[PDB]
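Peer 1: Protein chains in written order, with the authors' numbering: chain A, 1 to 176, 178 to 280, 283 to 437; chain B, 2 to 44, 47 to 55, 57 to 98, 100 to 275, 286 to 360, 369 to 439; chain C, 12 to 229; chain P, 326 to 331, 337 to 356, 373 to 386.
Every residue, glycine too, gets a C-beta built ideally from N, C-alpha and C.
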Amino acid sequence: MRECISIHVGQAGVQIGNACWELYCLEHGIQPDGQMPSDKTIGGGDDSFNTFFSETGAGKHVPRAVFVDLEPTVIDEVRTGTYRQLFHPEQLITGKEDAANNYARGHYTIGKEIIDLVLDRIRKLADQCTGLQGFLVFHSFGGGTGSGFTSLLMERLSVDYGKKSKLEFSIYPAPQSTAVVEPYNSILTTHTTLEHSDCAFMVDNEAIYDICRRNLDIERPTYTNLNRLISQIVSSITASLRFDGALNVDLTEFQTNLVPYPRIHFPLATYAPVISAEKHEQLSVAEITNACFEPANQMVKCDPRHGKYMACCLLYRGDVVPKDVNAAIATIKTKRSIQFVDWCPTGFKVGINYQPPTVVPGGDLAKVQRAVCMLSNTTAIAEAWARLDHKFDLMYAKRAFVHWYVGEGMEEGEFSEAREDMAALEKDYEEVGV
Amino acid sequence: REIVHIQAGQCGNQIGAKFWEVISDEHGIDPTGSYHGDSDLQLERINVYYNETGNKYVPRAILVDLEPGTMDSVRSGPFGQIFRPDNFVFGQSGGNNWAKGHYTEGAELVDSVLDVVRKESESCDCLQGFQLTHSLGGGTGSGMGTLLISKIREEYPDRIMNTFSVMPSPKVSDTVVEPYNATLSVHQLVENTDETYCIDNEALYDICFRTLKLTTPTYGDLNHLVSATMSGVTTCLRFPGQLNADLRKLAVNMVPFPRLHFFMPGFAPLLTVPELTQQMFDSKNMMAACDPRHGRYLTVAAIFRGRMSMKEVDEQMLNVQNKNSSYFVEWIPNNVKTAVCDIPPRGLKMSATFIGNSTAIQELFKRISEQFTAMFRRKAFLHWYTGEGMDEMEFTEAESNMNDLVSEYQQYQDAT
Amino acid sequence: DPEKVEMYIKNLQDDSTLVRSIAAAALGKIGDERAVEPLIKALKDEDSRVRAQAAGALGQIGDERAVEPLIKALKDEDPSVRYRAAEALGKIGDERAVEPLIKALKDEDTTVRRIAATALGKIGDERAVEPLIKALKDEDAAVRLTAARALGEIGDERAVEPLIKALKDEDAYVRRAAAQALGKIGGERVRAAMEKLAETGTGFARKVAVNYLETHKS
Amino acid sequence: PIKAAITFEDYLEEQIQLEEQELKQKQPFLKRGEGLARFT
Ligand SMILES: Nc1nc2c(ncn2[C@@H]2O[C@H](COP(=O)(O)OP(=O)(O)OP(=O)(O)O)[C@@H](O)[C@H]2O)c(=O)[nH]1
Ligand SMILES: Nc1nc2c(ncn2[C@@H]2O[C@H](COP(=O)(O)OP(=O)(O)O)[C@@H](O)[C@H]2O)c(=O)[nH]1
Ligand SMILES: [Mg+2]
């Protein structure tokens, strides 16, 4: 089998991790005390969903997950909540002084003081794996911990876990809220992580916020609303990894056929349907597939119509038959104009995970019998980087706030090195749109 | 988590006691230290300013004055029972001489203050830093207060240093040497604090007389404005949220350049969401005597307090930046942060507090520099400063540092 | 275009790993036999993303020169490279890849085991029958699916009894592939086995046996 | 109770002489950029 360690870094990472593991538990029939009455083997279970949960001798199913924060506040809520008994206490690791929205504090001065404990706990976790396939890293781009400590951790993982795949669910900053220096942390973390990451799924908080207001009629979405929606998307991506099926596409096949090219490893995710519980008829495979190409359902504000596709993967779940997907894909090719690059292989990769989408009780989403998540490697994603780079440029040209970083163990030349790398990444996207 | 509060001298202790009275009522703490509130929102971040033994919350406050009379007046007050008696550090002879506060009597007392600071800091899981209330025109709050900042800075260089500094005005105080004291202190604050809220006696006097129509203002009337401002600016620190939640996140988002850390505090009312938004950026509502329209905002923080729509606050805040885009630095994107707390201050249903890092603050520094230079050119009263140890070159260095500060604000005011 | 092929061949030696991997992918799409030797050199590239693209390109061109280098790429540290090489070996269809692909069925990675199984069926070599029969009992349903399909594709009767057991699989797609594979093999071995299943067998297995005897008459 | 001095620096000239009327009867410092050192 193929185990996967989830690492949740900083407030955004930890709070998203709470939403994911709450959903994984519901999807798999695991109670908050870790007991799965369903599991036939008590020393194991059905060793397919065992990719994400190890199994105690008592019959306790424990997430193969690490939660890390520089301040204790967030993780103290996990330690005293409904799932206080789901995770091991040593999998919840917290410092006392957070990074104060400063990449340099997360990566150098404060982050150093916790990194060795985190790696020891990952080395312990890895020991309980039959064959670790890799890591799933959840973190914000804007925070000092999410940016600095994630980069530091990714660098250290590469020494003795290099051969393992590393995928990151990253929260792209949006001011509607933002710390003024988030563009700095965002560019800094993207530059340092780029060479040690296999694929990075960005989730623009403004896009998720707007879907909540428009699709779920939530006047003032909280991070809970946002995280519940994000976790539904995360679940669809990882379902192939947690569920046994003939039509489910394995990590190796998906990462290779979506990000085969090294630096340009940022796919756009689109999820459908997003329906309010307040409402409801049944959406067909063709209807949910059509919705994948509407910009309203995108996780990052962008226009794939303005760019070229390098790869496209469709991850269905629920009452979905292959022949109905083939018919729906054929239809959209005759209406929509999905332009692929002139050197890339054209075609869609399709994965069908049989268990339909589960909704958290009380959550604003309706229960649907079929859902899809489209992952498309489009050059349009350069628009999102251009936005971040521009805000970085405005502040850096006047050296605004730079002193906070240079006083916390970081060299000023690292700003220009990170920015030049982003400018090269922007040029890479222009070069493939040939 | 914990913030250590220190109040030094006449002004420092009077406004400091008023601060504790105001936040004690908001948090449900009575003058005996007992909690008698009816909301869990109150005790969520109570540990930031109060120590617990259990059935008692005690302000983490250190009270310092070279003149013993000040500790007597604070002890006689309503909350002159909550402060821990051992945390009162009183001398015998005060006299508006910065050199006596910084080098003479004040230096003789400072180590005993540091002993209490040390003792408070021992019982703190995560000390955020220090908050000092003082005036800059005096001798103890100014001279000893800045000595305390320097000594604390070199004992705790990894902790944020915050001050509420009361800038003197000749329209309020008759002491001729106040420009010297203020200039000597500003030099210390430039090098040793992370954030300084400039509370200008010139603006407080003008507000009471011209806006509040009080023909006979007292220090109590000026201090009513100060306390309402101090409560508002610390709302972020005292209640749950995310915006400028601790002293370091606040400084990282408010201070683009290390020396440019002097804030202009504003308050409304002196009562709709559009009204609170508009009145907050009105020169008439500023606690520093500077017209914000005569400078640009590098960074701004706004705290709204009361029952109101966070949706309408977002609409109004986006609108005020849109309309006045010319007044904000174009090279610091999304430089205005908003916090909305449900608990309003006592006596008001809706209120808002502004914290701006505006280049217009140079108008206040120019005023002090003009007065200092007029005095220093004639070498007026230098003898009793140098007669207490102080060097003449410290006057020159302080003057040049303050003029450098003015020029930096002007540089970024005119920048692309 | 001949000038276009020559440009991508030179790009296989560029300092940038992105330029090298795009050139290997472009050369696979073009399919010129001039690129076979430079692409075999790109299989020994320091970067795995470049090695994998070169391996995929070699399957697309389909030159037998790449069989030995692709067999070496099957023992690669990166699973994307072994997947891309196993896929290319099945595509070229050289039976020198039968023994290496048989060992690849025991690979730690599911994508490799699936791709090796379907590549073995594409080659259709009778040597792969015993190893593919053992792949029917795989932990992953997608591997069992491709093993059942491959056994039908090869068509040796040794797979009849194990394919009849696959008609009782937990996965619905695996059971249907096994039934299709039994029909593809055909003959007296399958007919006699379906006769037994039509009277004794239950559920989908019985249904398949009864349907087989309906469409296979006289 | 506020005791105002101010009319402008004319109060300074009046007080330099008032100080001389009382006479008729009868340390290392912080340098500029010293705090900036904390950002290295
Ligand atoms: N989707 C989502 N975004 C979040 C969440 N929490 C914070 N964010 C976003 O992340 C950014 C703030 O970074 P944080 O992750 O909170 O900071 P951190 O990782 O804890 O780092 P420090 O604050 O420096 O300790 C902002 O853009 C927020 O909108 C969450 O639970 N979900
Ligand atoms: N706002 C305010 N200013 C005051 C108050 N008392 C004195 N001041 C100011 O404080 C300065 C006098 O110095 P001070 O620190 O009070 O006296 P010291 O004890 O000898 O240091 C002048 O700038 C006064 O205008 C007060 O209660 N409130
Ligand atoms: Mg945080």
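Give me the Cβ distance between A192/C and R169/C, rounded to the nearest whole Å; I'm assuming they're in contact under 8 Å.
Peer 2: The pair is not a contact, with the Cβ atoms about 12 Å apart (cut-off 8 Å).
Peer 1: Pick from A403/B, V351/B, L405/B and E3/B: whose alpha carbon is nearest that of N258/B?
Peer 2: Cα-wise, what sits closest to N258/B is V351/B.
Peer 1: For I7/B, which residues does DSSP report across the bridge?
Peer 2: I66/B and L137/B.
Peer 1: My parser needs the alpha helix (DSSP H) runs of 4 or more residues fully inside the stretch 102-156 of chain C; what are they?
Peer 2: Taking only runs of at least 4 residues, the alpha helix (DSSP H) segments lying wholly in the stretch 102-156 of chain C are 109-115, 121-134 and 140-146.
Peer 1: Against chain B, with Cβ distances strictly below 8 Å, would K356/P count as a contact?
Peer 2: Cβ-Cβ to chain B under 8 Å: no for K356/P.
Peer 1: Mind the definition here: the stretch 186-201 of chain A touches the stretch 120-132 of chain C only if three or more C-beta pairs lie below 8 Å; say whether that holds.
Peer 2: Not touching, per the Cβ criterion.
Peer 1: For the beta strand (DSSP E) holding residue 56/B, just list the boundary residues, first then last.
Peer 2: Since chain B is numbered 55 and then 57, with no step between, residue 56/B has no place in the structure shown.
Peer 1: With respect to 7 Å, is the separation between the Cβ of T190/A and the closest non-hydrogen atom of ligand 3 below this value?
Peer 2: Checking every heavy atom of ligand 3 against the Cβ of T190/A, none is found closer than 7 Å.
Peer 1: Residues of chain B with a CB under 9 Å from the CB of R215/A: which are they?
Peer 2: Ordered by position in chain B, no residue passes the 9 Å Cβ test against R215/A, which lies about 15 Å from the chain.
Peer 1: Identify the contact partners of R401/B in chain P, using a Cβ-Cβ distance below 8 Å as the criterion.
Peer 2: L342 and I346, listed in chain order.
Peer 1: How would you list, in chain order, the residues of chain B whose beta-carbon sits under 7 Å from the beta-carbon of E352/P?
Peer 2: By Cβ distance, chain B contributes nothing, its closest Cβ being about 11 Å from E352/P, past 7 Å.
Peer 1: For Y432/A, report the span of its alpha helix (DSSP H) as first-last.
Peer 2: Taken as a continuous stretch (DSSP letters only), the alpha helix (DSSP H) holding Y432/A covers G416 to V435.
Peer 1: Measure from the C-beta of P348/B to each C-beta in chain A and report whether the shortest distance is under 8 Å.
Peer 2: Answer yes: the Cβ-Cβ gap between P348/B and chain A drops below 8 Å somewhere.
Peer 1: Is it right to say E164/C is buried, meaning 16 or more other beta carbons lie within 10 angstroms of its own, or is it exposed?
Peer 2: Classification of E164/C: buried, given that the 10 Å Cβ count is 16 or more.
Peer 1: What is the rounded straight-line gap between the Cα of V201/C and the Cα of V171/C?
Peer 2: Whole-angstrom Cα-Cα distance: 6 Å.
Peer 1: Would you list the residues sitting across from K352/A in a DSSP beta bridge?
Peer 2: According to DSSP, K352/A bridges with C316/A.
Peer 1: Would you list the one or two residues that DSSP bridges to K328/P?
Peer 2: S178/B.
Peer 1: I'd like the list of long-range same chain contacts for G111/A, defined as Cβ closer than 6 Å, with 5 residues on each side in sequence excluded.
Peer 2: Within the same chain, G111/A has close Cβ partners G148, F149 and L152.
Peer 1: Exposed or buried, which one is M154/A when buried takes at least 16 other CB atoms within 10 Å?
Peer 2: Buried, since its Cβ has 16 or more Cβ neighbours within 10 Å.
Peer 1: By Cβ distance, which residues of its chain are closer than 6 Å to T130/A, with the 5 residues on each side in sequence left out?
Peer 2: So the list reads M1, once near-sequence residues are dropped.
Peer 1: Give me the Cβ distance between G59/A and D39/A, rounded to the nearest whole Å; I'm assuming they're in contact under 8 Å.
Peer 2: The Cβ separation is near 7 Å, so the contact holds.
Peer 1: Should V159/A go down as buried or exposed, given a rule of 16 or more other Cβ atoms within 10 Å for buried?
Peer 2: Burial call: exposed.
Peer 1: Can you round the beta-carbon distance between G366/A and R156/A to whole angstroms, since I take them to be within the 8 Å contact cut?
Peer 2: About 36 Å; that fails the 8 Å criterion.
Peer 1: Where does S423/B fall in DSSP's three states?
Peer 2: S423/B: helix per DSSP, three-state reduction.
Peer 1: Just to confirm, are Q285/A and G321/A a CB contact at a threshold of 8 Å?
Peer 2: Against a cut-off of 8 Å, the Cβ pair of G321/A and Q285/A comes out as no contact.
Peer 1: Mind listing which residues of the stretch 78-93 of chain C have their C-beta closer than 8 Å to chain A's C-betas, in chain order?
Peer 2: Cβ contacts with chain A come from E88, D89, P90 and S91.
Peer 1: Should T221/B be labelled buried (16 or more other beta-carbon atoms within 10 Å of its own) or exposed?
Peer 2: By the neighbour-count rule (16 or more Cβ atoms within 10 Å), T221/B is not buried but exposed.
Peer 1: Is the Cβ of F404/B closer than 8 Å to any Cβ of chain P?
Peer 2: Cβ-Cβ to chain P under 8 Å: yes for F404/B.
Peer 1: Of the residues that make up the stretch 406-433 of chain A, which ones have a beta carbon closer than 7 Å to any beta carbon in chain P?
Peer 2: Those would be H406, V409 and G410, in chain order.
Peer 1: What three-state label does DSSP hand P32/A in the structure shown?
Peer 2: Note: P32/A maps to coil in three-state DSSP.
Peer 1: For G321/B, which residues does DSSP report across the bridge?
Peer 2: Its beta-bridge partners are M373/B.
Peer 1: Please tell me whether, using a cut-off of 7 Å, the distance from the CB of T94/A to the nearest non-hydrogen atom of ligand 3 is below it.
Peer 2: No.
Peer 1: Between the stretch 119-137 of chain B and the stretch 163-180 of chain B, do at least 3 Cβ pairs fall closer than 8 Å?
Peer 2: The answer is yes - the stretch 163-180 of chain B touches the stretch 119-137 of chain B, with three or more Cβ pairs under 8 Å.
Peer 1: Say whether chain C places a C-beta atom closer than 8 Å to the C-beta of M398/A.
Peer 2: Chain C, which has no Cβ nearer than 8 Å to the Cβ of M398/A, makes this no.
Peer 1: What are the boundary residues of the alpha helix (DSSP H) that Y272/A is part of?
Peer 2: Taken as a continuous stretch (DSSP letters only), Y272/A belongs to no alpha helix (DSSP H), being part of the beta strand (DSSP E) at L269 to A273.
Peer 1: What's the C-alpha gap between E17/C and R31/C?
Peer 2: So the alpha carbons of these two residues sit roughly 14 Å apart.
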